[PDB]
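Q: TSV, C-alpha atoms, file target.tsv:
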chain	number	residue	atom	x	y	z
A	696	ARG	CA	0.00	0.00	0.00
A	697	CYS	CA	2.80	2.23	1.03
A	698	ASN	CA	4.83	1.07	-1.92
A	699	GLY	CA	2.68	2.46	-4.61
A	700	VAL	CA	2.07	-1.00	-6.01
A	701	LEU	CA	-1.49	-1.09	-4.86
A	702	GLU	CA	-2.05	2.37	-6.16
A	703	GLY	CA	-0.66	1.49	-9.53
A	704	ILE	CA	-3.08	-1.36	-9.72
A	705	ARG	CA	-5.93	0.96	-8.83
A	706	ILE	CA	-5.12	3.46	-11.51
A	707	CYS	CA	-4.79	0.57	-13.85
A	708	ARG	CA	-8.17	-0.80	-13.06
A	709	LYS	CA	-9.79	2.48	-13.84
A	710	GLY	CA	-8.02	2.13	-17.03
A	711	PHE	CA	-7.06	-1.10	-18.66
A	712	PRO	CA	-6.38	-3.51	-15.81
A	713	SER	CA	-5.31	-6.84	-17.31
A	714	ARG	CA	-2.55	-6.54	-19.87
A	715	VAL	CA	-1.47	-9.51	-21.91
A	716	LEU	CA	1.91	-10.04	-23.33
A	717	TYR	CA	1.65	-11.06	-26.94
A	718	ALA	CA	3.12	-14.61	-26.99
A	719	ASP	CA	1.43	-15.27	-23.71
A	720	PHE	CA	-1.55	-14.17	-25.75
A	721	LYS	CA	-0.96	-16.34	-28.75
A	722	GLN	CA	-0.47	-19.68	-27.10
A	723	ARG	CA	-3.42	-19.48	-24.74
A	724	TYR	CA	-5.95	-18.27	-27.27
A	725	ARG	CA	-4.82	-19.30	-30.79
A	726	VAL	CA	-7.46	-22.01	-30.54
A	727	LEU	CA	-10.32	-19.48	-30.66
A	728	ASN	CA	-10.21	-18.90	-34.46
A	729	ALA	CA	-7.54	-21.31	-34.53
A	730	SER	CA	-6.62	-20.94	-38.18
A	731	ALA	CA	-6.59	-17.12	-38.31
A	732	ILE	CA	-5.35	-16.45	-34.77
A	733	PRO	CA	-2.50	-19.02	-35.08
A	734	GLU	CA	-1.39	-17.54	-38.38
A	735	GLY	CA	-1.41	-14.07	-36.82
A	736	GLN	CA	0.60	-15.11	-33.74
A	737	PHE	CA	3.17	-17.08	-35.71
A	738	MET	CA	3.45	-14.60	-38.58
A	739	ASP	CA	4.12	-11.70	-36.28
A	740	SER	CA	4.52	-12.30	-32.58
A	741	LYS	CA	2.58	-9.11	-32.10
A	742	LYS	CA	0.80	-8.62	-35.45
A	743	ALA	CA	-0.64	-12.06	-34.71
A	744	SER	CA	-2.63	-11.21	-31.58
A	745	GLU	CA	-3.74	-8.31	-33.65
B	4	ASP	CA	13.77	-23.59	-22.61
B	5	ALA	CA	15.37	-23.24	-25.98
B	6	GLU	CA	15.84	-19.57	-25.26
B	7	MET	CA	17.16	-19.98	-21.78
B	8	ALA	CA	20.73	-20.98	-21.93
B	9	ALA	CA	22.39	-17.69	-21.24
B	10	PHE	CA	21.17	-18.02	-17.69
B	11	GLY	CA	20.87	-21.70	-17.73
B	12	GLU	CA	21.87	-22.16	-14.12
B	13	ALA	CA	19.86	-19.12	-13.04
B	14	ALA	CA	16.90	-20.07	-15.22
B	15	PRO	CA	15.02	-21.93	-12.57
B	16	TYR	CA	14.94	-18.73	-10.48
B	17	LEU	CA	13.95	-16.54	-13.41
B	18	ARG	CA	11.61	-18.75	-15.35
B	19	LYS	CA	10.03	-22.18	-15.09
B	20	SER	CA	10.30	-25.20	-17.37
B	21	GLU	CA	7.99	-25.05	-20.34
B	22	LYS	CA	5.78	-27.72	-18.94
B	23	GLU	CA	5.86	-26.60	-15.38
B	24	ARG	CA	4.21	-23.69	-16.96
B	25	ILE	CA	2.02	-25.77	-19.19
B	26	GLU	CA	1.09	-28.07	-16.38
B	27	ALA	CA	0.01	-25.04	-14.45
B	28	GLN	CA	-1.87	-22.93	-16.94
B	29	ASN	CA	-3.64	-25.91	-18.46
B	30	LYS	CA	-5.53	-27.30	-15.56
B	31	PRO	CA	-9.11	-27.53	-14.36
B	32	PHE	CA	-10.74	-24.33	-13.17
B	33	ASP	CA	-14.22	-23.42	-11.83
B	34	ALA	CA	-14.59	-19.69	-11.97
B	35	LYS	CA	-18.06	-19.29	-10.53
B	36	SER	CA	-17.01	-21.11	-7.40
B	37	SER	CA	-13.30	-20.53	-6.89
B	38	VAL	CA	-12.55	-17.39	-4.89
B	39	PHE	CA	-10.31	-15.40	-2.50
B	40	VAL	CA	-11.70	-14.27	0.83
B	41	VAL	CA	-11.23	-12.18	3.93
B	42	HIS	CA	-9.92	-13.82	7.00
B	43	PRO	CA	-9.71	-12.72	10.57
B	44	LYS	CA	-6.43	-14.49	11.39
B	45	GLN	CA	-4.74	-14.85	8.02
B	46	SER	CA	-5.29	-11.81	5.83
B	47	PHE	CA	-6.89	-13.41	2.80
B	48	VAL	CA	-6.97	-17.07	2.18
B	49	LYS	CA	-8.47	-18.98	-0.74
B	50	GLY	CA	-11.59	-21.04	-0.87
B	51	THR	CA	-14.51	-22.42	-2.72
B	52	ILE	CA	-17.92	-20.86	-2.58
B	53	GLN	CA	-20.44	-23.19	-1.01
B	54	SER	CA	-23.65	-21.30	-0.72
B	55	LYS	CA	-25.08	-17.84	-1.10
B	56	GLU	CA	-26.94	-16.00	1.69
B	57	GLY	CA	-28.32	-13.35	-0.73
B	58	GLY	CA	-25.58	-10.92	0.34
B	59	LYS	CA	-23.55	-13.15	2.54
B	60	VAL	CA	-21.27	-15.86	1.53
B	61	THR	CA	-20.25	-19.16	2.96
B	62	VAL	CA	-16.96	-20.53	1.87
B	63	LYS	CA	-14.79	-23.51	2.36
B	64	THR	CA	-11.16	-23.03	2.84
B	65	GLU	CA	-7.89	-24.31	1.80
B	66	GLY	CA	-6.95	-25.92	5.04
B	67	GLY	CA	-10.55	-26.64	5.76
B	68	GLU	CA	-12.62	-23.93	7.28
B	69	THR	CA	-15.99	-22.53	6.74
B	70	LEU	CA	-16.85	-18.84	7.06
B	71	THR	CA	-19.88	-16.78	6.14
B	72	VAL	CA	-18.60	-13.50	5.04
B	73	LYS	CA	-20.13	-10.41	3.29
B	74	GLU	CA	-20.48	-10.15	-0.43
B	75	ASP	CA	-17.52	-7.85	-0.60
B	76	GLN	CA	-15.32	-9.88	1.60
B	77	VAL	CA	-15.27	-12.15	-1.38
B	78	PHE	CA	-12.97	-11.72	-4.37
B	79	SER	CA	-12.68	-13.60	-7.62
B	80	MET	CA	-9.71	-15.73	-8.56
B	81	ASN	CA	-7.75	-15.60	-11.74
B	82	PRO	CA	-7.90	-18.42	-14.21
B	83	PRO	CA	-4.93	-20.63	-14.05
B	84	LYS	CA	-3.61	-18.94	-17.14
B	85	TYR	CA	-2.28	-16.36	-14.73
B	86	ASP	CA	-0.26	-18.47	-12.43
B	87	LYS	CA	3.04	-16.80	-11.80
B	88	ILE	CA	2.62	-13.90	-14.09
B	89	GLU	CA	5.63	-11.83	-14.75
B	90	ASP	CA	3.43	-8.75	-14.74
B	91	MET	CA	0.59	-8.89	-12.36
B	92	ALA	CA	-0.86	-5.97	-14.15
B	93	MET	CA	-1.75	-8.26	-16.94
B	94	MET	CA	-4.06	-10.14	-14.73
B	95	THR	CA	-7.74	-9.68	-15.44
B	96	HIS	CA	-8.31	-9.56	-11.77
B	97	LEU	CA	-6.92	-6.50	-10.11
B	98	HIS	CA	-7.57	-7.14	-6.48
B	99	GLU	CA	-5.77	-6.90	-3.33
B	100	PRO	CA	-5.53	-10.65	-2.78
B	101	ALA	CA	-4.53	-11.66	-6.23
B	102	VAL	CA	-1.52	-9.49	-5.94
C	3	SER	CA	-50.54	-18.41	-48.79
C	4	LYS	CA	-50.70	-19.69	-52.30
C	5	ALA	CA	-50.25	-16.69	-53.40
C	6	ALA	CA	-50.20	-20.48	-53.12
C	7	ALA	CA	-46.73	-21.40	-54.34
C	8	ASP	CA	-47.10	-25.08	-55.23
C	9	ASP	CA	-43.55	-25.10	-56.60
C	10	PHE	CA	-42.28	-25.50	-53.02
C	11	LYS	CA	-43.96	-28.91	-53.02
C	12	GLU	CA	-42.46	-29.71	-56.41
C	13	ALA	CA	-39.02	-28.79	-55.08
C	14	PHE	CA	-39.58	-31.13	-52.13
C	15	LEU	CA	-39.95	-33.94	-54.66
C	16	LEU	CA	-36.57	-32.98	-56.11
C	17	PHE	CA	-34.82	-33.17	-52.73
C	18	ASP	CA	-36.42	-36.37	-51.46
C	19	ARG	CA	-34.17	-39.18	-52.65
C	20	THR	CA	-36.60	-41.97	-51.69
C	21	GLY	CA	-39.69	-40.58	-53.45
C	22	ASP	CA	-41.94	-41.16	-50.36
C	23	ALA	CA	-42.67	-37.39	-50.01
C	24	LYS	CA	-40.67	-36.95	-46.80
C	25	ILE	CA	-37.51	-34.91	-46.29
C	26	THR	CA	-35.15	-35.57	-43.38
C	27	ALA	CA	-34.54	-32.85	-40.80
C	28	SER	CA	-30.90	-32.50	-41.88
C	29	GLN	CA	-31.98	-31.40	-45.37
C	30	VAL	CA	-34.41	-28.74	-44.15
C	31	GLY	CA	-31.69	-26.13	-43.61
C	32	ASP	CA	-30.40	-26.36	-47.17
C	33	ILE	CA	-33.86	-26.61	-48.71
C	34	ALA	CA	-35.04	-23.46	-46.96
C	35	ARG	CA	-32.07	-21.78	-48.59
C	36	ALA	CA	-33.00	-23.28	-51.96
C	37	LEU	CA	-36.55	-21.91	-51.65
C	38	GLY	CA	-35.23	-18.36	-51.18
C	39	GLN	CA	-34.67	-18.15	-47.43
C	40	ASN	CA	-31.42	-17.57	-45.56
C	41	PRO	CA	-31.85	-18.64	-41.91
C	42	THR	CA	-28.55	-18.99	-40.07
C	43	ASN	CA	-27.60	-22.54	-39.08
C	44	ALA	CA	-27.91	-21.76	-35.35
C	45	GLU	CA	-31.42	-20.50	-35.99
C	46	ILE	CA	-32.33	-23.66	-37.86
C	47	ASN	CA	-30.79	-25.58	-34.99
C	48	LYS	CA	-32.62	-23.67	-32.25
C	49	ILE	CA	-36.03	-23.79	-33.80
C	50	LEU	CA	-35.62	-27.56	-34.19
C	51	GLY	CA	-34.61	-28.11	-30.54
C	52	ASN	CA	-37.07	-25.44	-29.44
C	53	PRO	CA	-39.76	-27.84	-30.72
C	54	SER	CA	-38.13	-30.86	-28.86
C	55	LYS	CA	-36.95	-32.11	-32.27
C	56	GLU	CA	-33.64	-33.98	-32.25
C	57	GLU	CA	-31.53	-33.77	-35.41
C	58	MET	CA	-29.19	-36.33	-33.81
C	59	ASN	CA	-31.48	-39.33	-34.34
C	60	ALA	CA	-33.12	-40.54	-37.56
C	61	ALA	CA	-35.68	-38.13	-38.98
C	62	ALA	CA	-38.35	-38.13	-41.62
C	63	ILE	CA	-40.57	-35.53	-42.80
C	64	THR	CA	-43.73	-34.61	-44.00
C	65	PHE	CA	-44.68	-31.71	-46.03
C	66	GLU	CA	-47.12	-30.65	-43.28
C	67	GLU	CA	-44.24	-29.74	-40.96
C	68	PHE	CA	-41.84	-28.43	-43.58
C	69	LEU	CA	-44.35	-25.94	-44.98
C	70	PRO	CA	-44.95	-24.14	-41.60
C	71	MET	CA	-41.20	-24.20	-40.80
C	72	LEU	CA	-40.50	-22.43	-44.09
C	73	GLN	CA	-43.24	-19.94	-43.25
C	74	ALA	CA	-41.71	-19.31	-39.82
C	75	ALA	CA	-38.33	-18.71	-41.44
C	76	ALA	CA	-39.80	-16.38	-44.08
C	77	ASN	CA	-40.34	-13.50	-41.63
C	78	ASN	CA	-36.62	-13.36	-40.92
C	79	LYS	CA	-35.75	-12.34	-44.50
C	80	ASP	CA	-35.91	-8.69	-43.36
C	81	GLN	CA	-32.46	-9.26	-41.83
C	82	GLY	CA	-30.84	-9.50	-45.31
C	83	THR	CA	-29.60	-5.92	-45.78
C	84	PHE	CA	-26.81	-5.43	-48.31
C	85	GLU	CA	-25.65	-2.14	-46.78
C	86	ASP	CA	-24.30	-3.98	-43.79
C	87	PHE	CA	-22.70	-6.72	-45.88
C	88	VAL	CA	-20.64	-4.31	-47.95
C	89	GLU	CA	-19.84	-2.12	-44.94
C	90	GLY	CA	-18.65	-5.17	-43.00
C	91	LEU	CA	-16.03	-5.91	-45.64
C	92	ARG	CA	-15.26	-2.19	-46.05
C	93	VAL	CA	-14.18	-2.11	-42.40
C	94	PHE	CA	-12.13	-5.28	-42.98
C	95	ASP	CA	-9.53	-3.67	-45.28
C	96	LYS	CA	-7.76	-0.29	-45.39
C	97	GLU	CA	-7.81	2.34	-48.18
C	98	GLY	CA	-10.68	3.57	-50.34
C	99	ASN	CA	-11.18	0.55	-52.60
C	100	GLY	CA	-13.09	-2.65	-51.91
C	101	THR	CA	-10.43	-5.39	-51.86
C	102	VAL	CA	-9.88	-8.16	-49.32
C	103	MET	CA	-6.58	-10.02	-49.49
C	104	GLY	CA	-7.42	-13.61	-50.57
C	105	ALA	CA	-6.43	-15.52	-47.44
C	106	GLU	CA	-8.07	-13.03	-45.07
C	107	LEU	CA	-11.54	-13.77	-46.39
C	108	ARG	CA	-10.87	-17.48	-46.74
C	109	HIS	CA	-9.71	-17.97	-43.16
C	110	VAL	CA	-12.44	-15.74	-41.75
C	111	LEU	CA	-15.19	-17.57	-43.63
C	112	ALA	CA	-13.94	-20.96	-42.47
C	113	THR	CA	-13.12	-20.24	-38.82
C	114	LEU	CA	-15.21	-17.29	-37.63
C	115	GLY	CA	-18.67	-18.12	-36.33
C	116	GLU	CA	-20.55	-20.64	-38.44
C	117	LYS	CA	-17.78	-22.76	-39.93
C	118	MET	CA	-17.85	-22.88	-43.72
C	119	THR	CA	-15.72	-25.63	-45.22
C	120	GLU	CA	-12.68	-24.53	-47.19
C	121	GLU	CA	-14.14	-26.37	-50.19
C	122	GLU	CA	-17.18	-24.07	-50.08
C	123	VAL	CA	-14.97	-21.04	-49.48
C	124	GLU	CA	-12.95	-21.83	-52.62
C	125	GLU	CA	-16.17	-22.29	-54.61
C	126	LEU	CA	-17.36	-18.83	-53.51
C	127	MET	CA	-14.12	-17.03	-54.45
C	128	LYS	CA	-13.56	-18.85	-57.74
C	129	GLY	CA	-13.84	-16.26	-60.49
C	130	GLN	CA	-14.15	-13.09	-58.39
C	131	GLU	CA	-10.60	-13.22	-57.10
C	132	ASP	CA	-7.89	-13.00	-59.76
C	133	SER	CA	-4.14	-13.73	-59.43
C	134	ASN	CA	-3.37	-10.40	-57.71
C	135	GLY	CA	-4.69	-11.92	-54.46
C	136	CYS	CA	-7.27	-9.15	-54.08
C	137	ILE	CA	-10.98	-9.87	-53.93
C	138	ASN	CA	-13.14	-6.96	-55.02
C	139	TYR	CA	-16.10	-7.29	-52.65
C	140	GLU	CA	-18.22	-4.73	-54.46
C	141	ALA	CA	-18.65	-7.20	-57.31
C	142	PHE	CA	-18.18	-10.19	-54.99
C	143	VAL	CA	-21.17	-9.34	-52.78
C	144	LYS	CA	-23.13	-8.39	-55.89
C	145	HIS	CA	-22.62	-11.88	-57.34
C	146	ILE	CA	-23.30	-13.56	-54.00
C	147	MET	CA	-26.67	-11.79	-53.90
C	148	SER	CA	-27.37	-12.79	-57.51
C	149	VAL	CA	-28.27	-16.32	-56.41
Show how you would write the structure in this file as structure tokens.
A:
Amino acid sequence: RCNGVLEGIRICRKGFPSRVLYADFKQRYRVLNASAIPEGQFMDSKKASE
Amino acid sequence: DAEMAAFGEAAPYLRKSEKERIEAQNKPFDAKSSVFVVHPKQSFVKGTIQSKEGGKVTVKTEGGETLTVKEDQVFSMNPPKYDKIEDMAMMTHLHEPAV
Amino acid sequence: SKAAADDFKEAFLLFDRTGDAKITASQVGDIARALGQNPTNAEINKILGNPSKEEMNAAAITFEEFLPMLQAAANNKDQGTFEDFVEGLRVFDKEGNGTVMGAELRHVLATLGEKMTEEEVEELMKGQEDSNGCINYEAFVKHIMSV
């Protein structure tokens, strides 16, 4: 609390709380439109998730 | 795994084996029931929701305990996908306990 | 109503392979489309189940159930607006010209929502997409609404 950590989380959550790292995003969710999400993730680690 | 070499020896303290991960993120999860909760002695411990008192909650514990606590003494629990997240701020559950 | 269109009964004799004047419940989706109705496959699925009708076990039909199911699907033809079909694909690619890159439309039509086979996706792009890899959806959606 006194760190600022809990306040950074607050401000985040007012905002865009959860933030996924791209690969961490690919792997876990490729399966959703499997063909088109996998291609995206593989083809550009970032551009993929896009 | 492939990547980690540079560290190699440090690796285990930086990152976990690609299955330790996998074995952790890919596991059974029941959102609607799994939760974090307030706790008089220990700050926040985890538990499973048992019933619902309309604005009270009864929960089991992880150690084995049952408490009926307010609705807001109860906090969700992140899917396993967020086990030992490098950046807690990527979690979809920005709580006090989850952190 | 008849306007009693008796050609719906003559088309049921072209889709019944046994000649007994019954059409199985698995053919009713495609025959509603061949009579000039486009109900989505989830809608065809719901209605069926809605009426405690299981498309999982053997099915037969009679004209007396297929006629009112085509008349219940015929009210939903007011959902077929071509403004939203061309504007959907206009938001799918940059710049002021209606062209989807080949593989973008093929992977979206096979994996997003109601799964269309890649055989049917290739049969719907065949002729409208040339060797530049760019599908002009102004003429593509025009020809898709020509049938």
Q: Within 6 Å of chain A, which residues of chain B are there when counting only C-alpha atoms? Please give them as a VMD selection string.
A: chain B and resid 92 to 95
Q: Residue 53 of chain B: which residues within 7 Å, counting all atoms listed in the file, same-chain residues fewer than 3 positions away excluded, as number ranges by chain?
A: B: 61-63
Q: What residues in chain A have any atom no more than 12 Å from chain C when counting only C-alpha atoms, and can you write them as a ChimeraX atom specification?
A: /A:725-735
Q: Just the number, please: distance in Å from atom CA of residue 61 of chain C to atom CA of residue 30 of chain C, one decimal.
A: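 Atom CA of residue 30 of chain C lies 10.8 Å from atom CA of residue 61 of chain C.
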Q: Work out how far atom CA of residue 28 of chain C is from atom CA of residue 48 of chain C, in Å to one decimal.
A: 13.2 Å
Q: Mind giving me the straight-line distance from atom CA of residue 87 of chain B to atom CA of residue 52 of chain B in Å, one decimal?
A: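 If I compute the distance from atom CA of residue 87 of chain B to atom CA of residue 52 of chain B, I get 23.3 Å.
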Q: Skipping near chain neighbours, those fewer than 5 positions away, what residues fall within 6 Å of residue 60 of chain B using all atoms listed in the file, listed as number ranges by chain?
A: B: 55, 71-73
Q: Excluding residue 25 of chain C and its own-chain neighbours fewer than 5 positions away, which residues fall within 8 Å of it when counting only C-alpha atoms? Please give them as a list in words.
A: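 Final neighbour list, sorted by chain and number: residues 14, 17, 18, 30, 62, 63, 64 and 65 of chain C.
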Q: Excluding segment 76-89 of chain C and any residue of its chain fewer than 4 positions from it, enumerate the residues within 8 Å of it, using all atoms listed in the file, and give them as a ChimeraX atom specification.
A: /C:39-41,72,93,139-140,143
Q: Using all atoms listed in the file, can you list as a list in words the residues within 7 Å of (-8.1, -23.4, 3.6)?
A: residues 48, 49, 50, 63, 64, 65, 66, 67 and 68 of chain B
Q: If I put a ball of radius 9 Å at (-12.7, -14.9, 10.6) in the file's coordinates, which residues poke into it when counting all atoms listed in the file, written as a list in words?
A: residues 41, 42, 43, 44, 45, 70, 71 and 72 of chain B
Q: From the list B:80, B:29, B:19, B:88, which residue is nearest residue 6 of chain B when using all atoms listed in the file?
A: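 Distance minimum relative to residue 6 of chain B lands on B:19.
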